[PDB]
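K.L.:
So here's work-v7.cif, just mmCIF, N, CA and C atoms and all ligand atoms:
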data_my_file
loop_
_atom_site.label_atom_id
_atom_site.label_comp_id
_atom_site.auth_asym_id
_atom_site.auth_seq_id
_atom_site.Cartn_x
_atom_site.Cartn_y
_atom_site.Cartn_z
N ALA A 1 191.99 109.39 129.24
CA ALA A 1 193.45 109.53 129.87
C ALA A 1 193.88 108.09 130.19
N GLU A 2 195.06 107.80 130.69
CA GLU A 2 195.38 106.40 131.02
C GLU A 2 194.53 105.92 132.22
N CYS A 3 193.95 104.72 132.12
CA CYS A 3 193.06 104.18 133.20
C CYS A 3 193.51 102.82 133.71
N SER A 4 194.81 102.59 133.70
CA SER A 4 195.36 101.41 134.25
C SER A 4 196.76 101.69 134.77
N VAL A 5 197.25 100.81 135.66
CA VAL A 5 198.61 100.94 136.21
C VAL A 5 199.14 99.53 136.38
N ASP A 6 200.42 99.33 136.12
CA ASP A 6 201.07 98.05 136.37
C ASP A 6 201.82 98.15 137.71
N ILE A 7 201.57 97.19 138.59
CA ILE A 7 202.24 97.27 139.88
C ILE A 7 202.98 95.95 140.13
N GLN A 8 204.22 96.04 140.59
CA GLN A 8 205.00 94.90 141.07
C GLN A 8 205.22 94.98 142.57
N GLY A 9 205.13 93.84 143.25
CA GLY A 9 205.63 93.71 144.63
C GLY A 9 206.63 92.61 144.53
N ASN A 10 207.84 92.86 145.03
CA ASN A 10 208.94 91.90 144.95
C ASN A 10 209.20 91.17 146.30
N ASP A 11 210.33 90.45 146.39
CA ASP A 11 210.71 89.71 147.59
C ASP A 11 211.41 90.63 148.57
N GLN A 12 211.61 91.88 148.18
CA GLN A 12 212.26 92.84 149.07
C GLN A 12 211.25 93.79 149.71
N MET A 13 209.98 93.40 149.71
CA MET A 13 208.97 94.16 150.45
C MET A 13 208.70 95.56 149.85
N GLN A 14 208.74 95.63 148.53
CA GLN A 14 208.44 96.92 147.84
C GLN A 14 207.40 96.75 146.77
N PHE A 15 206.41 97.62 146.76
CA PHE A 15 205.65 97.93 145.56
C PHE A 15 206.50 98.96 144.79
N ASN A 16 206.38 98.98 143.46
CA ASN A 16 207.13 99.91 142.66
C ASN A 16 206.42 101.25 142.49
N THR A 17 205.32 101.49 143.19
CA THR A 17 204.83 102.81 143.34
C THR A 17 204.22 102.88 144.76
N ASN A 18 204.23 104.07 145.38
CA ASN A 18 203.52 104.32 146.61
C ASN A 18 202.43 105.36 146.44
N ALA A 19 202.10 105.71 145.20
CA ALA A 19 201.11 106.82 144.98
C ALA A 19 200.45 106.59 143.65
N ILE A 20 199.14 106.36 143.65
CA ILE A 20 198.38 106.23 142.38
C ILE A 20 197.36 107.35 142.25
N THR A 21 197.32 107.95 141.08
CA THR A 21 196.31 108.96 140.81
C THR A 21 195.30 108.40 139.78
N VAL A 22 194.03 108.43 140.11
CA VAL A 22 193.01 107.94 139.20
C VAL A 22 192.35 109.16 138.55
N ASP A 23 192.56 109.31 137.27
CA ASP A 23 191.89 110.46 136.58
C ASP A 23 190.36 110.35 136.62
N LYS A 24 189.70 111.41 137.02
CA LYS A 24 188.27 111.43 137.16
C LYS A 24 187.47 111.25 135.82
N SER A 25 188.12 111.29 134.66
CA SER A 25 187.44 111.03 133.38
C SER A 25 187.45 109.54 133.03
N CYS A 26 188.15 108.75 133.86
CA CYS A 26 188.15 107.27 133.76
C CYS A 26 186.83 106.81 134.33
N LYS A 27 186.19 105.92 133.60
CA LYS A 27 184.97 105.25 134.06
C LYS A 27 185.28 103.97 134.85
N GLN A 28 186.24 103.21 134.38
CA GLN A 28 186.81 102.05 135.11
C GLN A 28 188.33 102.26 135.28
N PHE A 29 188.95 101.55 136.24
CA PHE A 29 190.39 101.70 136.44
C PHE A 29 190.91 100.28 136.71
N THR A 30 192.02 99.93 136.09
CA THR A 30 192.56 98.63 136.16
C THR A 30 193.97 98.66 136.87
N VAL A 31 194.20 97.72 137.79
CA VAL A 31 195.52 97.50 138.35
C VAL A 31 195.94 96.15 137.96
N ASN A 32 197.07 96.10 137.27
CA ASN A 32 197.72 94.86 136.98
C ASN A 32 198.90 94.61 137.97
N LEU A 33 198.75 93.59 138.82
CA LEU A 33 199.76 93.21 139.81
C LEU A 33 200.58 92.00 139.32
N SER A 34 201.89 92.07 139.48
CA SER A 34 202.75 90.91 139.28
C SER A 34 203.75 90.85 140.48
N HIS A 35 204.55 89.81 140.54
CA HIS A 35 205.33 89.53 141.71
C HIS A 35 206.71 88.98 141.27
N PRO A 36 207.66 89.88 140.95
CA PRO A 36 209.05 89.44 140.81
C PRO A 36 209.52 88.75 142.16
N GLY A 37 210.54 87.91 142.07
CA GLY A 37 211.12 87.18 143.21
C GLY A 37 211.04 85.70 142.97
N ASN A 38 211.28 84.96 144.04
CA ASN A 38 211.36 83.50 144.02
C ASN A 38 210.46 82.87 145.06
N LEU A 39 209.98 83.64 146.03
CA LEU A 39 209.33 82.99 147.15
C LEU A 39 207.90 82.68 146.86
N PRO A 40 207.40 81.57 147.44
CA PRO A 40 205.99 81.22 147.20
C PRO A 40 205.01 82.11 147.95
N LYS A 41 203.73 82.04 147.55
CA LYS A 41 202.62 82.78 148.17
C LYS A 41 202.41 82.63 149.68
N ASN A 42 202.67 81.43 150.21
CA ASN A 42 202.45 81.24 151.66
C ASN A 42 203.43 81.95 152.64
N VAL A 43 204.57 82.38 152.14
CA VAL A 43 205.54 83.21 152.94
C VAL A 43 205.75 84.61 152.45
N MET A 44 205.51 84.87 151.16
CA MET A 44 205.75 86.20 150.60
C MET A 44 204.59 86.59 149.65
N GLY A 45 203.39 86.18 150.00
CA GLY A 45 202.20 86.49 149.20
C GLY A 45 202.01 87.99 149.27
N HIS A 46 201.59 88.61 148.14
CA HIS A 46 201.12 90.01 148.13
C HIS A 46 199.75 90.07 147.43
N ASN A 47 198.82 90.87 147.94
CA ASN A 47 197.70 91.32 147.19
C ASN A 47 197.74 92.89 147.08
N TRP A 48 196.76 93.46 146.37
CA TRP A 48 196.56 94.89 146.24
C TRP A 48 195.15 95.12 146.61
N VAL A 49 194.92 95.80 147.74
CA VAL A 49 193.61 95.94 148.37
C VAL A 49 193.42 97.46 148.50
N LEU A 50 192.26 97.94 148.02
CA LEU A 50 191.86 99.32 148.21
C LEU A 50 190.75 99.55 149.19
N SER A 51 190.92 100.53 150.09
CA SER A 51 189.86 100.94 150.98
C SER A 51 190.08 102.43 151.25
N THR A 52 189.15 103.08 151.96
CA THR A 52 189.51 104.40 152.53
C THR A 52 190.71 104.27 153.51
N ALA A 53 191.40 105.38 153.74
CA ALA A 53 192.49 105.42 154.67
C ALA A 53 192.03 105.02 156.07
N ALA A 54 190.87 105.53 156.48
CA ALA A 54 190.32 105.21 157.82
C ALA A 54 190.01 103.73 157.99
N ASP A 55 189.63 103.04 156.90
CA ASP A 55 189.27 101.62 157.00
C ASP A 55 190.48 100.70 156.93
N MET A 56 191.62 101.23 156.48
CA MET A 56 192.79 100.33 156.22
C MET A 56 193.15 99.44 157.43
N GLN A 57 193.30 100.06 158.60
CA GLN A 57 193.65 99.28 159.82
C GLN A 57 192.70 98.10 160.09
N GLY A 58 191.41 98.32 160.01
CA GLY A 58 190.50 97.26 160.36
C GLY A 58 190.49 96.19 159.29
N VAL A 59 190.65 96.57 158.01
CA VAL A 59 190.72 95.54 156.95
C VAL A 59 191.95 94.66 157.11
N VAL A 60 193.07 95.30 157.42
CA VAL A 60 194.35 94.61 157.59
C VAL A 60 194.30 93.66 158.83
N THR A 61 193.71 94.15 159.93
CA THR A 61 193.61 93.41 161.19
C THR A 61 192.73 92.20 161.00
N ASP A 62 191.52 92.40 160.47
CA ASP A 62 190.65 91.25 160.14
C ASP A 62 191.17 90.34 159.07
N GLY A 63 191.83 90.90 158.06
CA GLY A 63 192.36 90.06 157.00
C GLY A 63 193.45 89.12 157.49
N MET A 64 194.41 89.65 158.25
CA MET A 64 195.52 88.86 158.74
C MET A 64 195.03 87.68 159.66
N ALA A 65 193.91 87.86 160.35
CA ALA A 65 193.26 86.79 161.14
C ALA A 65 192.46 85.76 160.33
N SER A 66 192.30 85.97 159.00
CA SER A 66 191.39 85.20 158.18
C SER A 66 192.06 84.06 157.52
N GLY A 67 193.37 84.12 157.34
CA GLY A 67 194.10 82.95 156.97
C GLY A 67 194.33 82.96 155.48
N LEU A 68 195.34 82.21 155.07
CA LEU A 68 195.74 82.05 153.69
C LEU A 68 194.62 81.58 152.75
N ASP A 69 193.79 80.69 153.28
CA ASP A 69 192.70 80.12 152.49
C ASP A 69 191.62 81.15 152.19
N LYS A 70 191.54 82.23 152.98
CA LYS A 70 190.74 83.43 152.67
C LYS A 70 191.53 84.49 151.88
N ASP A 71 192.74 84.18 151.45
CA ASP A 71 193.58 85.25 150.86
C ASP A 71 193.78 86.43 151.82
N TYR A 72 193.68 86.17 153.12
CA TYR A 72 193.90 87.21 154.12
C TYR A 72 192.96 88.39 154.00
N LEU A 73 191.69 88.11 153.68
CA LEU A 73 190.62 89.11 153.82
C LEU A 73 189.41 88.50 154.64
N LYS A 74 188.81 89.25 155.51
CA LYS A 74 187.63 88.81 156.22
C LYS A 74 186.56 88.62 155.12
N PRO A 75 185.84 87.49 155.12
CA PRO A 75 184.80 87.32 154.07
C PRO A 75 183.75 88.45 154.15
N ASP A 76 183.19 88.83 153.00
CA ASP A 76 182.15 89.89 152.97
C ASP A 76 182.58 91.14 153.72
N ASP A 77 183.83 91.60 153.50
CA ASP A 77 184.29 92.83 154.07
C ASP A 77 183.84 93.96 153.12
N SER A 78 182.88 94.74 153.59
CA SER A 78 182.23 95.75 152.80
C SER A 78 183.14 96.98 152.71
N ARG A 79 184.21 97.06 153.52
CA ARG A 79 185.23 98.16 153.46
C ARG A 79 186.17 98.10 152.28
N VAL A 80 186.25 96.93 151.65
CA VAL A 80 187.16 96.68 150.54
C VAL A 80 186.51 97.16 149.22
N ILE A 81 187.13 98.14 148.53
CA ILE A 81 186.50 98.78 147.38
C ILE A 81 186.82 97.97 146.16
N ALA A 82 188.05 97.45 146.16
CA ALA A 82 188.53 96.62 145.07
C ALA A 82 189.77 95.86 145.56
N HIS A 83 190.06 94.71 144.97
CA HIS A 83 191.36 94.11 145.35
C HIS A 83 191.69 93.06 144.33
N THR A 84 192.96 92.72 144.21
CA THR A 84 193.38 91.56 143.44
C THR A 84 193.37 90.28 144.33
N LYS A 85 193.58 89.12 143.72
CA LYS A 85 194.02 87.97 144.46
C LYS A 85 195.39 88.20 145.18
N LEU A 86 195.61 87.36 146.20
CA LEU A 86 196.93 87.16 146.79
C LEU A 86 197.72 86.32 145.80
N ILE A 87 198.94 86.76 145.49
CA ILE A 87 199.74 86.04 144.50
C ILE A 87 201.17 85.84 145.07
N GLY A 88 201.87 84.80 144.59
CA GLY A 88 203.24 84.56 145.01
C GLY A 88 204.10 84.87 143.86
N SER A 89 205.35 84.54 144.00
CA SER A 89 206.32 84.90 142.98
C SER A 89 205.94 84.27 141.63
N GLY A 90 206.13 85.00 140.55
CA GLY A 90 205.85 84.42 139.21
C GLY A 90 204.41 84.45 138.80
N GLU A 91 203.50 84.86 139.70
CA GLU A 91 202.07 84.88 139.40
C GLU A 91 201.64 86.30 139.12
N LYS A 92 200.47 86.48 138.54
CA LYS A 92 199.97 87.83 138.32
C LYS A 92 198.46 87.81 138.41
N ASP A 93 197.86 88.97 138.66
CA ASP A 93 196.43 89.11 138.71
C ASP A 93 196.04 90.61 138.49
N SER A 94 194.92 90.85 137.80
CA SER A 94 194.36 92.18 137.55
C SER A 94 192.98 92.39 138.14
N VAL A 95 192.68 93.64 138.51
CA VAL A 95 191.39 93.96 138.99
C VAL A 95 190.99 95.22 138.26
N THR A 96 189.72 95.30 137.87
CA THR A 96 189.17 96.47 137.21
C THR A 96 187.97 96.84 138.08
N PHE A 97 187.81 98.10 138.47
CA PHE A 97 186.67 98.54 139.25
C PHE A 97 186.11 99.85 138.68
N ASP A 98 184.90 100.17 139.09
CA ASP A 98 184.20 101.36 138.59
C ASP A 98 184.70 102.53 139.33
N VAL A 99 185.12 103.56 138.63
CA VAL A 99 185.66 104.75 139.32
C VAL A 99 184.59 105.49 140.10
N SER A 100 183.32 105.19 139.84
CA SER A 100 182.23 105.82 140.57
C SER A 100 182.17 105.32 142.02
N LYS A 101 182.87 104.24 142.36
CA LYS A 101 183.05 103.93 143.80
C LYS A 101 183.88 104.93 144.60
N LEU A 102 184.68 105.74 143.92
CA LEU A 102 185.58 106.71 144.56
C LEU A 102 184.93 108.08 144.56
N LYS A 103 185.31 108.92 145.52
CA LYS A 103 184.68 110.24 145.75
C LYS A 103 185.83 111.25 145.84
N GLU A 104 185.77 112.39 145.13
CA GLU A 104 186.86 113.38 145.41
C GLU A 104 186.78 113.99 146.80
N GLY A 105 187.93 114.45 147.27
CA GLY A 105 188.02 114.87 148.68
C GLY A 105 188.28 113.76 149.71
N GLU A 106 187.95 112.50 149.36
CA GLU A 106 188.22 111.33 150.23
C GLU A 106 189.69 110.79 150.06
N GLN A 107 190.30 110.30 151.15
CA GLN A 107 191.68 109.70 151.11
C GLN A 107 191.53 108.18 151.08
N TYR A 108 192.21 107.59 150.10
CA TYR A 108 192.28 106.14 149.89
C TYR A 108 193.67 105.62 150.05
N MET A 109 193.76 104.36 150.47
CA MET A 109 195.06 103.67 150.58
C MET A 109 194.92 102.40 149.81
N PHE A 110 195.98 101.99 149.11
CA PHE A 110 196.09 100.60 148.68
C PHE A 110 197.15 99.91 149.54
N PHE A 111 197.00 98.58 149.73
CA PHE A 111 197.91 97.92 150.65
C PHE A 111 197.82 96.42 150.43
N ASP A 112 198.79 95.73 151.00
CA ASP A 112 198.87 94.28 150.99
C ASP A 112 198.35 93.77 152.36
N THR A 113 197.41 92.79 152.37
CA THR A 113 196.93 92.27 153.69
C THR A 113 197.68 90.99 154.16
N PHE A 114 198.69 90.51 153.43
CA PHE A 114 199.44 89.37 153.92
C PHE A 114 200.02 89.78 155.31
N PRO A 115 199.99 88.85 156.33
CA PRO A 115 200.36 89.26 157.70
C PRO A 115 201.69 90.01 157.79
N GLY A 116 201.61 91.19 158.37
CA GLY A 116 202.76 92.08 158.54
C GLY A 116 203.18 92.90 157.31
N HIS A 117 202.61 92.67 156.11
CA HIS A 117 203.17 93.28 154.89
C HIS A 117 202.78 94.73 154.70
N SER A 118 201.66 95.10 155.27
CA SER A 118 201.08 96.40 154.95
C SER A 118 201.90 97.57 155.49
N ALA A 119 202.75 97.35 156.48
CA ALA A 119 203.67 98.47 156.96
C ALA A 119 204.59 98.88 155.81
N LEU A 120 204.88 97.94 154.91
CA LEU A 120 205.77 98.22 153.83
C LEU A 120 205.11 98.31 152.43
N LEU A 121 204.13 97.48 152.15
CA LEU A 121 203.58 97.37 150.82
C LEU A 121 202.27 98.10 150.95
N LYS A 122 202.32 99.43 150.85
CA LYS A 122 201.13 100.24 150.87
C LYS A 122 201.41 101.55 150.09
N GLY A 123 200.37 102.34 149.77
CA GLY A 123 200.58 103.71 149.21
C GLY A 123 199.24 104.40 149.11
N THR A 124 199.18 105.61 148.56
CA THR A 124 197.98 106.39 148.56
C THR A 124 197.31 106.25 147.19
N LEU A 125 196.01 106.50 147.16
CA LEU A 125 195.31 106.51 145.90
C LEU A 125 194.35 107.75 145.92
N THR A 126 194.41 108.56 144.85
CA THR A 126 193.61 109.79 144.83
C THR A 126 192.80 109.86 143.53
N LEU A 127 191.52 110.24 143.61
CA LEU A 127 190.72 110.53 142.41
C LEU A 127 190.89 112.03 142.12
N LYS A 128 191.51 112.41 140.98
CA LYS A 128 191.79 113.86 140.71
C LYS A 128 191.14 114.45 139.44
CU CU B 201 189.88 108.30 128.91
CU CU B 202 203.14 90.75 150.77
#
Here is a file; write its structure as structure tokens.
P.N.:
Amino acid sequence: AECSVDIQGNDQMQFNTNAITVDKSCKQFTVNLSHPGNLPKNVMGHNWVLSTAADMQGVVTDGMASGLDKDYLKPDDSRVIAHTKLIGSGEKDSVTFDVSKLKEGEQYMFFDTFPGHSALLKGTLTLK
């Protein structure tokens, strides 16, 4: 079945999807992130970070304290299942992860850890 998704986050604080479904016959799953807009990474950086729904708050809280030079993730954060780089306008990055990290029945969120962004640049991810 399809095992990749293209995602944009723009300068208007939107990802172009808020809901990803990962087909359970996929062995790996790829997210391709790009960033329409004009603003640089240090003011309008976005990443795509996956964790369980329950872990999202703590990843976001620790990430935002970690600084730009950490790409806004706490180093060795074991809650992070997969993520792209933090990217600014005009840049792109992909991540491919093993679908065996995901479990059916569990709720996942993807989100941006750039400070303050996750209230807007987030959505759900389901293994179906
Ligand atoms: Cu397939
Ligand atoms: Cu952002």
K.L.:
Could you check how far atom N of residue A:117 sits from atom N of residue A:72, in Å to one decimal?
P.N.:
11.4 Å
K.L.:
Can you pull out the residues contacting residue A:35? Cut-off 5 Å, using only N, CA and C atoms, and skip same-chain residues under 3 positions away; I want them as a ChimeraX atom specification.
P.N.:
/A:9,89-91
K.L.:
Quick one: residues within 12 Å of ligand CU 202 (chain B), with only C-alpha atoms and all ligand atoms, as an NGL selection string?
P.N.:
:A and (8-15 or 33-37 or 39-49 or 60 or 64 or 68 or 71-72 or 85-89 or 111-122)
K.L.:
Mind giving me the straight-line distance from atom N of residue A:57 to atom CA of residue A:7 in Å, one decimal?
P.N.:
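These atoms are spaced 20.9 Å apart.
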K.L.:
Taking only N, CA and C atoms and all ligand atoms into account, report as number ranges by chain which residues have an atom no farther than 6 Å from an atom of ligand CU 201 (chain B).
P.N.:
A: 1-2, 25-26
K.L.:
What is the distance between atom CA of residue A:108 and atom C of residue A:50, in Å to one decimal?
P.N.:
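Between these atoms lies a distance of 6.8 Å.
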K.L.:
Identify all residues of stretch 8-128 of chain A in helix (DSSP H, G or I) (DSSP on the backbone) and supply them as a PyMOL selection string.
P.N.:
chain A and resi 41-44+53-64+68-70+99-101+117-119
K.L.:
Please give the complete set of residues from chain A that DSSP, run on the backbone, assigns to strand (DSSP E), formatted as number ranges by chain.
P.N.:
A: 4-8, 19-22, 28-34, 49-52, 82-83, 92-98, 108-111, 122-127
K.L.:
Excluding same-chain residues fewer than 6 positions from residue A:28, what lies within 8 Å of it counting only N, CA and C atoms, as a PDB file with N, CA and C atoms, in the coordinates of the input?
P.N.:
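Result went into result-v1.pdb, see below:
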ATOM      1  N   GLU A   2     195.060 107.800 130.690  1.00  0.00           N
ATOM      2  CA  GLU A   2     195.380 106.400 131.020  1.00  0.00           C
ATOM      3  C   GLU A   2     194.530 105.920 132.220  1.00  0.00           C
ATOM      4  N   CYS A   3     193.950 104.720 132.120  1.00  0.00           N
ATOM      5  CA  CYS A   3     193.060 104.180 133.200  1.00  0.00           C
ATOM      6  C   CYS A   3     193.510 102.820 133.710  1.00  0.00           C
ATOM      7  N   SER A   4     194.810 102.590 133.700  1.00  0.00           N
ATOM      8  CA  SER A   4     195.360 101.410 134.250  1.00  0.00           C
ATOM      9  C   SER A   4     196.760 101.690 134.770  1.00  0.00           C
ATOM     10  N   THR A  96     189.720  95.300 137.870  1.00  0.00           N
ATOM     11  CA  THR A  96     189.170  96.470 137.210  1.00  0.00           C
ATOM     12  C   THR A  96     187.970  96.840 138.080  1.00  0.00           C
ATOM     13  N   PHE A  97     187.810  98.100 138.470  1.00  0.00           N
ATOM     14  CA  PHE A  97     186.670  98.540 139.250  1.00  0.00           C
ATOM     15  C   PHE A  97     186.110  99.850 138.680  1.00  0.00           C
ATOM     16  N   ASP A  98     184.900 100.170 139.090  1.00  0.00           N
ATOM     17  CA  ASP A  98     184.200 101.360 138.590  1.00  0.00           C
ATOM     18  C   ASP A  98     184.700 102.530 139.330  1.00  0.00           C
ATOM     19  N   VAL A  99     185.120 103.560 138.630  1.00  0.00           N
ATOM     20  CA  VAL A  99     185.660 104.750 139.320  1.00  0.00           C
ATOM     21  C   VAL A  99     184.590 105.490 140.100  1.00  0.00           C
ATOM     22  N   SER A 100     183.320 105.190 139.840  1.00  0.00           N
ATOM     23  CA  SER A 100     182.230 105.820 140.570  1.00  0.00           C
ATOM     24  C   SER A 100     182.170 105.320 142.020  1.00  0.00           C
TER      25      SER A 100
END
K.L.:
Under the rule that only N, CA and C atoms are counted, which of A:94, A:52, A:78, A:84 is the nearest residue to residue A:107?
P.N.:
A:52
K.L.:
Restricting the calculation to only N, CA and C atoms: of A:53, A:59, A:77, A:18, which residue gets closest to residue A:106?
P.N.:
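Nearest candidate to residue A:106 out of A:53, A:59, A:77, A:18: A:53.
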K.L.:
Name the residues in contact with residue A:95 at a cut-off of 6 Å, using all atoms listed in the file, excluding same-chain residues fewer than 5 positions from it; report them as an NGL selection string.
P.N.:
:A and (29-32 or 83-84)
K.L.:
Starting from the block above, write stretch 31-79 of chain A out to a file with C-alpha atoms, as a PDB file, in the first residue's frame, please.
P.N.:
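Full text of selection_17.pdb as output:
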ATOM      1  CA  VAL A  31       7.742  11.257   5.857  1.00  0.00           C
ATOM      2  CA  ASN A  32       9.019  13.803   3.493  1.00  0.00           C
ATOM      3  CA  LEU A  33       8.921  17.307   5.106  1.00  0.00           C
ATOM      4  CA  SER A  34       9.367  20.582   3.219  1.00  0.00           C
ATOM      5  CA  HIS A  35       8.811  24.200   4.277  1.00  0.00           C
ATOM      6  CA  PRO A  36       7.091  26.703   1.946  1.00  0.00           C
ATOM      7  CA  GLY A  37       7.545  30.382   3.104  1.00  0.00           C
ATOM      8  CA  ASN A  38      10.388  32.847   3.430  1.00  0.00           C
ATOM      9  CA  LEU A  39      11.400  32.796   7.059  1.00  0.00           C
ATOM     10  CA  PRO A  40      14.617  31.254   8.297  1.00  0.00           C
ATOM     11  CA  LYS A  41      14.921  28.251  10.679  1.00  0.00           C
ATOM     12  CA  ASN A  42      15.772  30.293  13.786  1.00  0.00           C
ATOM     13  CA  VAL A  43      12.313  32.054  13.873  1.00  0.00           C
ATOM     14  CA  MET A  44      10.042  29.708  11.922  1.00  0.00           C
ATOM     15  CA  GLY A  45      11.864  26.340  12.104  1.00  0.00           C
ATOM     16  CA  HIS A  46       9.636  23.238  11.867  1.00  0.00           C
ATOM     17  CA  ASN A  47      10.457  19.598  12.498  1.00  0.00           C
ATOM     18  CA  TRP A  48       8.196  16.467  12.406  1.00  0.00           C
ATOM     19  CA  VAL A  49       8.529  14.501  15.629  1.00  0.00           C
ATOM     20  CA  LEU A  50       6.624  11.314  16.472  1.00  0.00           C
ATOM     21  CA  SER A  51       5.885  10.000  19.940  1.00  0.00           C
ATOM     22  CA  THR A  52       2.925   8.485  21.794  1.00  0.00           C
ATOM     23  CA  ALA A  53       0.193  10.994  22.625  1.00  0.00           C
ATOM     24  CA  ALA A  54       1.025  10.693  26.354  1.00  0.00           C
ATOM     25  CA  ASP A  55       4.713  11.511  25.720  1.00  0.00           C
ATOM     26  CA  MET A  56       4.075  14.544  23.486  1.00  0.00           C
ATOM     27  CA  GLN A  57       3.970  17.136  26.326  1.00  0.00           C
ATOM     28  CA  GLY A  58       7.220  16.056  27.913  1.00  0.00           C
ATOM     29  CA  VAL A  59       9.068  15.833  24.570  1.00  0.00           C
ATOM     30  CA  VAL A  60       7.866  19.307  23.611  1.00  0.00           C
ATOM     31  CA  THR A  61       8.706  20.775  27.083  1.00  0.00           C
ATOM     32  CA  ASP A  62      12.224  19.303  27.138  1.00  0.00           C
ATOM     33  CA  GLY A  63      12.804  20.026  23.487  1.00  0.00           C
ATOM     34  CA  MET A  64      11.907  23.710  23.689  1.00  0.00           C
ATOM     35  CA  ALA A  65      14.461  24.041  26.616  1.00  0.00           C
ATOM     36  CA  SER A  66      17.216  22.351  24.535  1.00  0.00           C
ATOM     37  CA  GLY A  67      17.885  25.128  22.142  1.00  0.00           C
ATOM     38  CA  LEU A  68      18.275  25.593  18.419  1.00  0.00           C
ATOM     39  CA  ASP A  69      21.667  23.882  18.384  1.00  0.00           C
ATOM     40  CA  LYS A  70      19.887  20.695  19.622  1.00  0.00           C
ATOM     41  CA  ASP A  71      17.147  21.162  16.983  1.00  0.00           C
ATOM     42  CA  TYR A  72      14.839  21.607  19.991  1.00  0.00           C
ATOM     43  CA  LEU A  73      15.002  18.004  21.206  1.00  0.00           C
ATOM     44  CA  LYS A  74      16.446  16.843  24.576  1.00  0.00           C
ATOM     45  CA  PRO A  75      19.498  14.683  23.631  1.00  0.00           C
ATOM     46  CA  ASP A  76      18.885  10.896  23.920  1.00  0.00           C
ATOM     47  CA  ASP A  77      15.137  11.346  24.311  1.00  0.00           C
ATOM     48  CA  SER A  78      13.945   7.741  24.235  1.00  0.00           C
ATOM     49  CA  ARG A  79      10.259   8.962  23.834  1.00  0.00           C
TER      50      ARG A  79
END
